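S.K.: Can you keep this structure in mind? I'll have questions shortly.
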Amino acid sequence: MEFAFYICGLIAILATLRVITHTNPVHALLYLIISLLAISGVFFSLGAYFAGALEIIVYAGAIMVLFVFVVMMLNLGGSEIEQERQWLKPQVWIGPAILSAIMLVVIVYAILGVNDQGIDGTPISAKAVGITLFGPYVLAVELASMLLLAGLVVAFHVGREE
Amino acid sequence: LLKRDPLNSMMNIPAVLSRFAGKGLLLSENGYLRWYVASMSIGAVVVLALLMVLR
Amino acid sequence: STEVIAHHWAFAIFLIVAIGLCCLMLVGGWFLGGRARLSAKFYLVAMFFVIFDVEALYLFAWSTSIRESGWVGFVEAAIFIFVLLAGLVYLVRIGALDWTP
Amino acid sequence: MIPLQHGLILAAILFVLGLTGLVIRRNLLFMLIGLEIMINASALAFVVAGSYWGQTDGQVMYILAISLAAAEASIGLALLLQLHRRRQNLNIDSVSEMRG
Amino acid sequence: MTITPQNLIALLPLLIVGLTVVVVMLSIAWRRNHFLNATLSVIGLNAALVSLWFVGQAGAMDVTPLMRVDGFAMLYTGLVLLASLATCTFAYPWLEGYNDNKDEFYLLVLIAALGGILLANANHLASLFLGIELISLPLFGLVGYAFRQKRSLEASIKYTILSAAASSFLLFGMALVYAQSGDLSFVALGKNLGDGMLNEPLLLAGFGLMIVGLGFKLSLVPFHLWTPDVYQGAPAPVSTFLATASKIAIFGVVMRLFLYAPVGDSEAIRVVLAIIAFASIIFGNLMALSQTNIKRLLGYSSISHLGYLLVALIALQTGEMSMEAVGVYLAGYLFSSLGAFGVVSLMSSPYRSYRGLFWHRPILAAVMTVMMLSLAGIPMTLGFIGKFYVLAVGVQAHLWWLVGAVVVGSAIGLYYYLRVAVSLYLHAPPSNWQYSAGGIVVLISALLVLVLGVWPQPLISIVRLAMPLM
Ligand SMILES: CCCCCCCCCCCCCCCCCC(=O)OC[C@H](COP(=O)(O)OCCN)OC(=O)CCCCCCCCCCCCCCCCC
Ligand SMILES: CCCCCCCCCCCCCCCCCC(=O)OC[C@H](COP(=O)(O)OCCN)OC(=O)CCCCCCCCCCCCCCCCC
Ligand SMILES: CCCCCCCCCCCCCCCCCC(=O)OC[C@H](COP(=O)(O)OCCN)OC(=O)CCCCCCCCCCCCCCCCC
């Protein structure tokens, strides 16, 4: 259980590093899909089975499908902005690298001082999540439906062809 | 010597300081989205580090 | 429980043997034998699929625990499904889901 | 047996990687990719926190998070399509006409 | 917690607004009618405003673990409702100049108002996050409603990218806070710490990430650079909405979160918020000396006024009338921004220079200089009453740096407000009842600001009626 957790975490970190440093949009999206499968592995190793199921169903099966769809629609290939590799020049990324580094080490040092009895990996079933979703969190469900409807209307209005 | 009103200039000092500081602060609003995200992350590090050093 | 770890191992070898079988099938195919602008309706369809798939996942979470949620859960999901159907009727009527001109 | 700290570190690493990809990339698609990476990292942290306490609230806010991520990705890709439709390029430095 | 019929009675504005979205959407599905859908939207918002009386008769109670209805729930719900109604009233003559579809505007305004009511009644991290997203995403649509424009599309892109970044920051903050605390209720954020261990590193880190996200949402320095571009590029009714309703709802849920959380009286968070308040006041006054754009000027004005509100928030635990001061300031700021952006919308309507405005539009120029005097803290205005409240709360907790920042920022803001107010009267080289309705709205805001500056007692009593569960 734990070994799968560390292996999938390492795979997700390496895949994310490949996404943020790649030049092909399709290869970057494929590496992101690999990272999302790894993150679903993290979800399954902790007992949150519903979380990993929805990670592969709607995150690694719907949203990145939409990204791949718009990539093949836009015909992204040998463009001018892609050929120069401006994000790989060290003078460009050296500032954001140390910025993300100091943010990361501050967050790490804040995390490391917290109490921890460990995660038992007890499987929180999707039945309990369904009970709580329509239990204490009913207005979250209705207004998240309203949020998805708002995003639907906004993206339709922006994304028409006319 | 006094006909140029030196005390009026000594009290007009903060007006020119305010204009210079405002023109300097307007350099951050260059209209670049990547700089805006970078400034948000810079503020995140500043706020975080200030919270841990004063914890 | 040896049955649970046995089923986990069965799933592991099922995954490994399936992926490796496809790999060696491609390898054997390569090895053997001699040699000598798209419209925005695509985006709209994918977007509608994504939004209705998230609302579908909400209904997925509902349907597994219908009995213990009671009739209050039923009327909540009735408002949910009515909102979904209202949005669907709205999308159909304006021509968002009309591919033909 | 799995520390809460290790999952939090993994989520923080994914978050800062997505933020770096959001900052250094001036193509709008990679900025949106970085945005989904950060929101998925925060959702992963929330799932880790929920699984530490044995509560379903982490998965519930994960569901809300992925609903937001789906709708926001839809809106961002519609805006990207509009930008590529009217300007024929995805340079995020080209949208700088409002300044001062 | 389950739902009782009296709990349904406590949620009349939410259910009425959601039913209004459903009804307006089904009406657009029937036929695209601009007048009918706008009338249905304003009818639903007015029905929610009327049903606030029944919510007040119901009393204060907690509906689900998510939400709690009390005095500021009603107050912020009402403020968001007036902001949304004024936004629709200003948007209608502007939308007569729109060649494309106009009916989705009111749908997005209704959904954003629904998120505002969420943020008004929020008592939970889930409701807070959902309300912020429910405000942001319709604002993504409304800012880029005229996406054929470079300015509106660019502002929509900037706001969408930056608000997704801030939402991820805020969500990571709640994740860290939930990892430390184990409860997402407002009252339990820090209830597991005692004997002076309130400055937990992970709790402070998560709350700092929330400060990052909310300071983006409240245009606080240094998460403020989006404000002038988004304010300038968006349509003027939309700019009115982000000026009034979004800021009011997000600051109300921030005030409730800092009042109810035991970590809200931490010294480190107090010092960080003091630094942010000082910097926001000084910066939002300093970048607006040399603005020839009225909308960017009002964006920096919003930055400085949210800094003043933050100054009022910092003394919440030490002071006793800090929340009353916040309510009075938010009401006065709502009316001043409503009038100013309504005048901006009326000269921006229909869709297709404030100098010399008095010689062709004298009533609009007069109400505009009245609202500019209100934003400067000039007496006989409600903004002066808000500034007086903020100063009194500053002397309550001895926040002398913040008080001096208030003085110097008031002087600088007063300088550029007088520039606009007298440039209205210099010399420089409609015809429907909805335009007259928008003019009536800005005129009523002007008379309200003048009367409640001269006689502020009714508003003070109304705000003092809004007390929470102790
Ligand atoms: C071999 C070295 C590495 C080789 C290269 C990488 C290959 C892929 C590595 C990742 C996927 C496999 C990880 C190893 C899983 C081994 C099985 C395991 O750990 O089972 C334990 C546990 C069983 O479930 P549970 O009921 O919790 O039992 C606890 C025991 N009492 O399991 C769990 O609780 C959860 C098990 C993991 C989650 C399900 C499977 C997720 C798969 C994700 C794949 C992602 C993409 C990988 C791409 C690799 C190439 C780039
Ligand atoms: C086209 C159609 C047009 C229709 C008209 C539209 C415009 C008019 C809209 C009218 C809205 C009415 C809102 C009424 C709110 C107050 C309701 C009420 O009766 O509250 C009473 C309650 C305290 O009463 P009590 O019974 O003692 O409670 C103890 C019980 N536990 O009190 C409370 O609990 C708190 C009371 C105050 C709550 C805030 C008030 C509402 C929001 C006001 C926003 C504007 C404020 C600034 C302007 C002020 C002008 C004077
Ligand atoms: C006894 C000292 C201690 C007590 C002090 C109490 C405060 C009140 C008494 C002092 C007031 C000083 C005011 C100084 C500025 C007066 C206004 C002025 O001169 O405005 C005009 C000037 C622009 O004029 P021009 O030269 O044409 O610039 C071209 C612009 N495009 O405009 C500008 O340059 C911009 C003006 C910005 C706003 C005015 C400056 C406010 C600065 C803070 C004042 C508060 C006190 C600070 C400390 C004072 C010294 C200790």
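S.K.: Taking a ≥ b ≥ c as the square roots of the eigenvalues of the Cα gyration tensor of segment B:1-53, is the shape rounded (a/c under 1.5), prolate (a/b larger than b/c) or oblate?
M.R.: Because a/c hits 1.5 or more and a/b fails to exceed b/c, segment B:1-53 counts as oblate.
S.K.: Also: Kindly express, to the nearest 10 degrees and within the range 0 to 90, the angle between helix B:6-25's C-alpha long axis and the longest C-alpha principal axis of chain B.
M.R.: Here the helix axis deviates by roughly 20 degrees.
S.K.: Would you be so kind as to identify which of E:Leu52, E:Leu297, E:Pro262 lies farthest towards the positive end of the dipole of chain E, taking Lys and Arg as +1 and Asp and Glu as -1 on Cβ and the Cα centre as origin?
M.R.: E:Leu297
S.K.: For segment E:334-470, just say rounded, prolate or oblate: build the C-alpha gyration tensor, square-root its eigenvalues into a ≥ b ≥ c, call rounded for a/c under 1.5, and beyond that prolate if a/b exceeds b/c, oblate if not.
M.R.: oblate
S.K.: Which one, D:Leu8, D:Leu22, D:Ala71, is farthest towards the positive end of the dipole of segment D:4-87 when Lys and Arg carry +1 and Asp and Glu -1 on their Cβ?
M.R.: After comparing all options, I get D:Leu22.
S.K.: State the dimensionless ratio Rg/Rh of the protein assembly as shown (Rg: radius of gyration of Cα atoms; Rh: Kirkwood radius).
M.R.: Rounded to two decimals, Rg over Rh is 0.97.
S.K.: Separate question: Provide Rg and Dmax in Å for chain E, with only Cα atoms included in the calculation.
M.R.: In order Rg, Dmax, the Cα atoms of chain E give 21.0, 70 Å.
S.K.: Taking the Cα centre of chain C as the origin, how large is its charge dipole in debye, to the nearest 20, when only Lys and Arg (+1) and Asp and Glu (-1) carry charge on their Cβ atoms?
M.R.: 520
S.K.: Using Cα centres only, tell me the gap between segment B:38-55 and segment E:73-89 in whole Å.
M.R.: 34
S.K.: Can you give me the C-alpha center-to-center distance between segment E:178-214 and segment E:104-146, rounded to a whole angstrom?
M.R.: 25
S.K.: Let me ask something additional. Under a straight-distance cross-link criterion of Cα-Cα below 14 Å, which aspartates and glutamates are reachable from C:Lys41, leaving out those fewer than 8 residues away in the same chain?
M.R.: The reachable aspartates and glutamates, counting only those whose Cα sits under 14 Å from C:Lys41, are A:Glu161, A:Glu162, C:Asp98.
S.K.: To the nearest 20 debye, what charge dipole does chain E have about its Cα centre, counting +1 at the Cβ of each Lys and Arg and -1 at the Cβ of each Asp and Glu? Walk me through the intermediate numbers first.
M.R.: Working: 21 positive and 16 negative charges, 260 e Å.
That gives chain E a dipole magnitude of about 1240 debye.
S.K.: To the nearest 20 debye, what charge dipole does the protein assembly as shown have about its Cα centre, counting +1 at the Cβ of each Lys and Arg and -1 at the Cβ of each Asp and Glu?
M.R.: Dipole size: approximately 2700 debye.
S.K.: Between beta-carbons, use under 12 Å as the cut-off and find the net charge around E:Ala73, counting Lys and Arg +1, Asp and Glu -1.
M.R.: Charge balance near E:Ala73 sits at 0.
S.K.: Which order do the peptides D:20-31, E:447-458 come out in when sorted by mean C-beta neighbours inside 10 angstrom, highest first?
M.R.: Details: D:20-31: 24.2, E:447-458: 16.2.
Final packing ranking: D:20-31, E:447-458.
S.K.: Same structure again: Stokes-Einstein D for segment C:10-100 at 37 °C, 0.692 mPa s, Kirkwood Rh over Cα pairs, in µm²/s?
M.R.: For the chosen part, D equals 181 µm²/s.
S.K.: Now for a different question. Rounded to whole Å, give me the distance from the Cα center of segment C:3-57 to that of segment E:30-69.
M.R.: Taking the Cα centre of each part, segment C:3-57 and segment E:30-69 sit 48 Å apart.
S.K.: Classify chain A as rounded, prolate or oblate from the Cα gyration tensor: take a ≥ b ≥ c as the square roots of its eigenvalues, call it rounded if a/c is under 1.5, otherwise prolate when a/b beats b/c and oblate if not.
M.R.: It comes out oblate by the Cα gyration axes.
Each reported figure results from applying straightforward, stated rules to the coordinates on display, with no laboratory input. No Cβ is skipped: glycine too gets one built from the backbone with ideal geometry, and neighbour counts run over all protein chains shown.
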